[PDB]
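Below is one structure; the comments refer to it alone.
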Ligand SMILES: CC(C)CCC[C@@H](C)[C@H]1CC[C@H]2[C@@H]3CC=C4C[C@@H](O)CC[C@]4(C)[C@H]3CC[C@]12C
Ligand SMILES: CC(C)CCC[C@@H](C)[C@H]1CC[C@H]2[C@@H]3CC=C4C[C@@H](O)CC[C@]4(C)[C@H]3CC[C@]12C
Ligand SMILES: CC(C)CCC[C@@H](C)[C@H]1CC[C@H]2[C@@H]3CC=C4C[C@@H](O)CC[C@]4(C)[C@H]3CC[C@]12C
Ligand SMILES: CC(C)CCC[C@@H](C)[C@H]1CC[C@H]2[C@@H]3CC=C4C[C@@H](O)CC[C@]4(C)[C@H]3CC[C@]12C
Ligand SMILES: CC(C)CCC[C@@H](C)[C@H]1CC[C@H]2[C@@H]3CC=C4C[C@@H](O)CC[C@]4(C)[C@H]3CC[C@]12C
Ligand SMILES: NCCc1c[nH]cn1
């Protein structure tokens with residue numbers, strides 16, 4: 001089965017260095033681009049870095065550019081993140097995310113379990145922080161963007177993720193309308209221009225969690241604040 | 005182009021890089037088409053040198082890939098288009114069987130005059146010469162019964178028979194060879210050549226004979355593009 | 028004045044022929060063979076001669092004094108020496124490729140990869156660019176007038192003899208020996224199948422006589438000028454270098470034009 | 002005695018069918034469509050050139066989204082192209098390089114191919130591992146695989162050089178139905194739009210209409226003088242066109258059970274490799290050995306235009322489901338996308 | 006007895022093909038002409054679309 005295991009996290013001193021590893025099994029690692037995404041405690045998701053398949057293209061977030069180095073070892077199927085000059089702002093859970101890019105592909109489909117590190137631009141808005149819900153009732157979640165996510169090629173590069181309590185994020189909707197593999201049909205993504213809606217018909221107990229909307233129109237990839245569902 | 009399109013275009017260029025590497029390996033390998041009848045014994049030559070039966074034998078660090086399209090029937094006018102760019106065709110006949118020689122001559126004529134094989138040289142093998150020598154030595158059956166022109170055929174002075182070979186064996190052996198070569202010289206205009214050989218079921222020099230013949347085919351290809359021929 | 032008209036046509040023909048050869052390879056996919064990479068490299072060097080070296084040399088004849096200034100005189104010498112040397116080495120590497128593909132046709136197939144051919148082309152041009160160092164750094168390492180644009184090391188005897196052997200004499204001897212071996216195989220190849410050898414003798418003669426006759430007077434004069442230091446004449450010196458420039462014009466008419474695929478490609482594009 | 006009597010009865014039945022077809026041949030399609038105006042001159046430009054195949058292209062098939070296509074070449078490579086951007090989506094290395102056909106599943110999740118290896122290989126395009134893998138190898142044909150077409154994700158029809166066509170259950174790997182009756186190598190097949198019937202053309206110069214569910218030959222169409230290489234259903238499913246080595250294309254009608262129109266020219270003396278219809282069926286596009294693709298007026302048998310963009314044989318062609326473009330594959334190792342402009 | 010067995014099958018097949026209902030060629034020709042006429046406007050190859058609507062600009 002597809003697996004992504006992160007290691008190397010732990011408590012480090014300010015100004016120190018730490019090396020994070022992501023071992024991949026069960027899929028063609030060299031065929032997938034890889035992202036590092038971190039999540040500060042009691043905060044939303046934040047994209048860190050990206051390395052493409054074949055190591056030809058590398059992107060970093062501005063808050064980490066110059067201090068973090070991302071690399072991969074295709075024969076060993078290992079993804080690395082070398083961090084230097086670590087600050088208290090870097091305390092987060094770091095997730096290893098695979099993403100393959102071709103016509104009709106589903107990027108960000110699999111996330112790792114994550115490793116915890118503790119140190120001693138299009139704006140995506142999710143104004144509704146929490147939503148009280150009841151099972152079997154339809155729920156809608158709204159996301160907004162400062163720029164239009166509709167590209168001239170017809171794609172609207174908006175993604176929806178669900179992070180159940182204690183679990184890694186899972187892809188629900190990719191490019192604002194398509195349903196990710198293994199996701200029940202009750203989830204539906206609707207949007208236009210800068211306004212997007214995630215509709216959850218016949219809500220169940222498993223659907224309870226935090227929902228994030230991410231834009232993939234351009235780098236840096238930015239996440240919404242997140243909308244929490246509670247019973 | 006969007007961020008995902010640039011990623012998609014990068015994936016495409018990595019595909020092109022692997023396609024170029026595969027095309028470089030195909031240039032180093034020489035492809036051969038092994039044709040012959042059931043009685044030809046073409047399965048013996050490949051085994052000693054070692068749907069579609071594919072064989073890879075290496076001579077002097079040169080890789081040869083030989084193909085045998087087994088099965089089906091004499092209606093091969095369709096799949097013969099696939100082998101439009103093979104380096105050579107290895108056609109194997111049985112010289113001992115005088116009865117089916119005319120079928121082999123008719124079969125060879127179709128291959129030589131095929132629309133899709135106008136530039137492919139033929140490495141002709143006349144297999145089972147040891148059996149033919151015994152058949153001629155016994156004298157029970159005469160070639161002249163099947164081919165009337167054999168009675169008026171005389172061995173050319175340019176012939177160089179091997180030592181220890183009966184003159185009657187040489188006269189019959191060179192008559193069968195001339196029948197195939199007469200077909201080759203009828204047309205072609207020098208685009209393709211025939212390389213007749215005499216082999217036996219226990220011959221261990223078959224791999225080098227193809228190697229020396231394929345060298346002449348490649349050399350002629352290089353000389354034409356240099357305008358030296 | 029009438030001489031400039033004749034020389035201007037030669038410059039235009041050189042640029043036109045070499046541009047036509049370069050674009051024909053790009054358009055046609057049947058011309059993407061490994062052996063045509065060397066022909067592309069040969070036409071590039073001749074294009075630089077026609078585009079840069081020839082027009083400056085023509086102006087040098089119109090006005091005897093070098094009117095383009097000191098910094099531009101050194102640039103012209105660098106372009107003249109690098110492009111001409113690259114053209115000579117492009118012919119040499121092309122002769123090696125044809126030699127190895129004839130002596131060992133099956134064995135050389137593995138080593139004919141475009142990757143190795145491109146390294147050979149880069150190696151030939153890398154040595155060609157080494158002419159820039161003596162042209163510019165002669166004063167730093169080791174009779175000059177502003178009117179002329181002669182090289183600083185023109186009077187040196189030992190250096191010119193050493194460079195002439197490497198630039199022309201050594202490659203020419205190997206090319207004579209390589210094409211002699213090729214003619215041995217071509218004659219043997221034709222005799223094995225069946408005076409048809411006149412096809413190779415005519416082609417090998419045209420390839421070698423044009424290369425030698427267009428360059429032998431210059432490299433003979435290359436070392437004679439240093440021997441006596443006064444035997445040289447400017448009128449004769451300009452005659453020798455123009456013969457070297459003619460070889461650049463003749464290269465498209467020898468290697469690409471004699472090829473069948475190039476000839477078919479040339480006829481298609483010209484007739485549109 | 003009995004054998005001689007039976008073969009005489011076959012001749013009587015053949016005359017009965019020939020008389021029956023002649024009885025209903027009251028008019029000609031040429032006479033019916035004489036009044037309608039011609040399509041004019043059809044001018045198509047090469048919008049895209051797909052490069053990357055390093056050998057002869059033998060087959061191509063559009064996906065149902067009118068954007069993705071799969072092509073097969075005898076460099077042992079199956080390539081899936083994004084025709085809008087010319088991006089390569091996949092490159093599938095084939096175990097046997099002697100491929101003759103390729104098919105794109107209507108769902109888009111699978112592609113199929115096969116050739117002289119007598120095997121139809123099914124490739125899964127949507128795997129959790131991120132790579133294309135072989136999901137099934139359909140063995141059972143005793144000749145080369147000449148054509149294959151998906152009915153759905155679980156069923157595929159293959160035509161072979163062993164004179165038979167087969168319907169396969171992909172999940173079990175067994176051929177549920179075998180279609181016999183051709184006396185020569187079956188070179189092509191076309192599926193009806195409802196996938197209840199399919200026509201096949203063989204080297205006996207005859208085209209047979211087969212019922213998929215029932216599994217027998219319903220009708221036999223003759224009239225060609227040489228091997229049939231290509232066949233294509235009319236968009237409404239009531240007719241089909243064939244292409245043969247005799248430099249002719251013929252339009253046969255299923256319900257009239259006879260030929261309706263012949264598409265040939267005196268200049269054309271080369272064989273035909275591929276045939277297809279435009280979305281409305283008004284245009285019949287045919288690929289030829291003379292390096293060209295001729296666009297015919299299906300109703301009036303007029304050569305509407307020429308696609309001249311290849312330096313070798315046009316081996317295959319196909320028109321998108323939305324009718325927007327036509328792709329041509331060729332022995333020169335290139336694919337080209339054509340459409341007109343206002 | 007291989008030929009006699011094959012003869013029975015070929016004769017039996019010709020009986021099925023000879024018992025089908027055939028419409029007139031004029032009726033079949035009209036249906037083909039009608040289908041082409043009805044779908045003529047939605048055929049991009051027959052009537053090229055404006056460049057704005059052409060995915061292959
Ligand atoms: C104008 C002159 C003086 C400057 C030199 C021009 C050079 C840099 C340009 C002009 C023509 C160009 C060549 C045109 C054709 C080819 C063949 C192709 O397969 C590789 C690139 C290559 C080899 C190009 C390399 C760069 C090139 C040689
Ligand atoms: C600068 C001077 C001193 C050295 C010049 C280097 C020349 C003479 C040497 C270096 C590389 C050598 C070539 C290397 C490989 C081959 C292939 C072989 O099958 C024939 C000889 C041949 C073609 C050599 C010819 C001579 C050669 C070109
Ligand atoms: C004075 C300047 C303009 C001269 C430029 C010379 C160099 C840079 C040019 C001229 C000829 C060119 C070569 C021509 C052919 C090939 C083969 C191709 O498959 C790789 C690139 C390569 C190897 C080119 C590399 C660059 C090249 C060597
Ligand atoms: C005549 C003398 C002075 C100059 C000759 C230049 C040519 C023939 C010589 C000089 C540099 C040599 C090259 C040096 C490096 C390489 C890379 C290697 O992987 C293959 C051999 C190859 C490609 C050599 C081929 C021959 C070469 C290009
Ligand atoms: C294509 C044909 C015309 C080529 C003919 C080549 C010869 C005849 C032409 C071409 C270049 C010409 C030379 C160009 C430059 C000079 C230097 C000048 O101070 C004396 C005349 C002289 C020496 C010319 C003599 C004739 C010449 C060598
Ligand atoms: N005009 C030729 C200059 C040169 C090149 N190489 C040596 N000298």
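Protein chains in written order, with the entry's author numbering: chain E, 1 to 120, 137 to 247; chain A, 5 to 54, 68 to 231, 345 to 359; chain R, 28 to 169, 174 to 225, 408 to 485; chain B, 2 to 343; chain C, 6 to 62. We put the CB at the ideal spot given by N, CA and C, even for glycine.
Let me have the residue list for ligand 6: C-beta closer than 6 Å to any non-hydrogen atom, ordered along the chain.
107/R, 108/R, 111/R, 112/R, 198/R, 454/R, 457/R
Of all Cβ atoms in chain R, is any one closer than 8 Å to the Cβ of residue 195/A?
Here the question's residue 195/A lines up with position 178 in the second chain. So, not an interface residue.
How far does the beta strand (DSSP E) with residue 191/B in it reach, from first residue to last?
Counting from one through the fourth chain, the residue named residue 191/B turns up at place 190. Per DSSP, residue 191/B belongs to the beta strand (DSSP E) from 187-192.
Using DSSP bridges, identify the partner residues of residue 33/E.
Indexing the first chain from 1 puts residue 33/E at position 33. Answer by DSSP bridge pairing, in chain order: 99/E.
Residue 113/R - DSSP class collapsed to helix/strand/coil:
Locating residue 113/R in the third chain gives position 86, counting from the first residue. The answer is helix: DSSP assigns residue 113/R an H, G or I state.
Using a Cβ-Cβ distance under 8 Å, would residue 59/R count as near chain A?
Position 32 of the third chain, counting from 1, holds the residue named residue 59/R. No, residue 59/R lies away from the interface with chain A (no Cβ there is under 8 Å from its Cβ).
For residue 136/E, tell me which candidate among 14/E, 48/E, 100/E, 155/E has the shortest Cα-Cα distance.
This model leaves out residue 136/E; its place in chain E lies between 120 and 137, and no residues are given there.
Can you tell me whether DSSP reads residue 140/E as helix, strand or coil?
For the purposes of this step, residue 140/E is identified with residue 124 of the first chain, where counting begins at 1. Note: residue 140/E maps to strand in three-state DSSP.
Got a sec: does ligand 2 put a non-hydrogen atom nearer than 7 Å to the Cβ of residue 123/R?
For the purposes of this step, residue 123/R is identified with residue 96 of the third chain, where counting begins at 1. Residue 123/R: yes, Cβ under 7 Å from ligand 2.
Around the C-beta of residue 88/B, are 16 or more other C-beta atoms found within 10 angstroms, so that it is buried, or is it exposed?
For the purposes of this step, residue 88/B is taken as residue 87 along the fourth chain, with counting starting at 1. Label assigned to residue 88/B: buried.
Determine the DSSP secondary structure at residue 29/A, reduced to helix, strand or coil.
Position 25 of the second chain, counting from 1, holds the residue named residue 29/A. The answer is helix: DSSP assigns residue 29/A an H, G or I state.
Are there any heavy atoms of ligand 2 lying less than 7 Å away from the beta-carbon of residue 85/B, as far as the coordinates show?
Translated into positions along the fourth chain, residue 85/B becomes position 84. Checking the Cβ of residue 85/B against ligand 2 gives no.
Against chain B, with Cβ distances strictly below 8 Å, would residue 55/E count as a contact?
As a working note, residue 55/E is residue 55 in the first chain. Chain B contact via Cβ: absent.
Going by DSSP, what residue range makes up the alpha helix (DSSP H) through residue 170/R?
No atoms are given for residue 170/R, which sits in the stretch of chain R between 169 and 174 that the model skips.
Runs of beta strand (DSSP E) lying entirely within the region 57-95 of chain B, each at least 3 residues, in chain order
58-63, 69-74, 78-83, 88-94
In terms of residues, what are the limits of the beta strand (DSSP E) holding residue 45/E?
By 1-based counting over the first chain, the position of residue 45/E is 45. 45-51 is the span of the beta strand (DSSP E), which, as asked, contains residue 45/E.
Skipping 5 residues on each side, what residues in its chain have a beta carbon closer than 7 Å to that of residue 108/R?
The count along the third chain starts at 1 and reaches residue 108/R at position 81. Result list for residue 108/R: 158, 162, in chain order.
Please report whether the beta-carbon of residue 158/E lies at a distance below 8 Å from any beta-carbon of chain A.
The residue you call residue 158/E lines up with position 142 of the first chain. By this cut-off, residue 158/E is not an interface position.
CA-CA distance, residue 49/B and residue 58/R?
Position 48 of the fourth chain, counted from the start, is the residue given in the question as residue 49/B. Position 31 of the third chain, counted from the start, is the residue given in the question as residue 58/R. Rounded to the nearest angstrom, the two C-alpha atoms are 22 Å apart.
Anything in chain C within Cβ reach of residue 23/B, meaning under 7 Å, just list it in chain order.
Locating residue 23/B in the fourth chain gives position 22, where the first residue counts as 1. By Cβ distance, chain C contributes nothing, its closest Cβ being about 10 Å from residue 23/B, past 7 Å.
Which full runs of the beta strand (DSSP E) of 3+ residues lie inside the region 164-216 of chain B, going along the chain?
166-170, 175-180, 187-192, 198-203, 207-212
What are the boundary residues of the alpha helix (DSSP H) that includes residue 38/C?
Locating residue 38/C in the fifth chain gives position 33, where the first residue counts as 1. Segment 30-43, the alpha helix (DSSP H) holding residue 38/C.
Can you pull the chain B neighbours of residue 57/C, defined as C-beta to C-beta under 9 Å?
Position 52 of the fifth chain holds residue 57/C. The premise fails here: residue 57/C is roughly 10 Å from chain B at the closest Cβ pair, so nothing lies under 9 Å.
Please list the partners that residue 131/B has in chain E, where partner means a Cβ-to-Cβ separation under 7 Å.
In the fourth chain, the residue the question calls residue 131/B occupies position 130. The answer, in chain order, is 27, 28, 31, 32, 100.
Taking the alpha-carbon of residue 214/E as reference, which of 55/E, 35/E, 175/E has the nearest alpha-carbon?
Position 198 of the first chain holds residue 214/E. Looking at the Cα atoms, 175/E is the closest of the given residues.
In whole angstroms, what is the alpha-carbon distance linking residue 166/A and residue 73/B?
If you number the second chain from 1, residue 166/A lands on position 149. If you number the fourth chain from 1, residue 73/B lands on position 72. Using only the alpha carbons, I get a separation of about 50 Å.
If we cut at 8 Å on Cβ distances, does residue 472/R have a partner in chain A?
Within the third chain, residue 472/R is the residue found at index 259, counting from 1. It does: the Cβ of residue 472/R has a partner Cβ on chain A nearer than 8 Å.
Contact set between residue 186/B and chain A, taken where Cβ atoms lie within less than 8 Å:
On the fourth chain, position 185 is the one that residue 186/B refers to. Under the 8 Å cutoff, chain A gives 92, 95.
Proximity of residue 122/A and residue 200/A at Cβ, strictly below 8 Å
The residue labelled residue 122/A in the question sits at position 105 within the second chain. The residue labelled residue 200/A in the question sits at position 183 within the second chain. Result yes, Cβ atoms of residue 122/A and residue 200/A sit closer than 8 Å.
Would you list the residues whose beta-carbon is nearer than 6 Å to any heavy atom of ligand 8, in the order they occur in the chain?
In the structure shown, ligand 8 is absent; the only ligands present are ligand 1, ligand 2, ligand 3, ligand 4, ligand 5 and ligand 6.
Give me whichever residues DSSP pairs with residue 230/E in a beta bridge.
Position 214 of the first chain, counting from 1, holds the residue named residue 230/E. Answer is 175/E, 239/E.
Report yes if the CB atom of residue 151/R is closer than 8 Å to the CB atom of residue 116/R, and no otherwise.
Against the third chain, residue 151/R aligns to sequence position 124. Against the third chain, residue 116/R aligns to sequence position 89. The answer is yes: Cβ separation under 8 Å.
Excluding the 5 residues flanking residue 247/B on each side, which residues of the same chain have their C-beta closer than 7 Å to its C-beta?
As a first step, residue 247/B must be located in the fourth chain, where it is residue number 246. Excluding residues within five positions, the ones whose Cβ falls inside 7 Å are 225, 226, 227.
Could you have a look at residue 470/R and say whether DSSP puts it in helix, strand or coil?
Walking along the third chain from the start, residue 470/R turns up at place 257. Reduced to three states, the DSSP call for residue 470/R is helix.
How many Å lie between residue 193/E and residue 167/E at the Cα?
Locating residue 193/E in the first chain gives position 177, where the first residue counts as 1. Locating residue 167/E in the first chain gives position 151, where the first residue counts as 1. Rounded to whole angstroms, residue 193/E to residue 167/E spans 14 Å at the Cα level.
Using a Cβ-Cβ cutoff of 7 Å, what residues of the region 131-164 of chain A are near chain B? List them in chain order.
none
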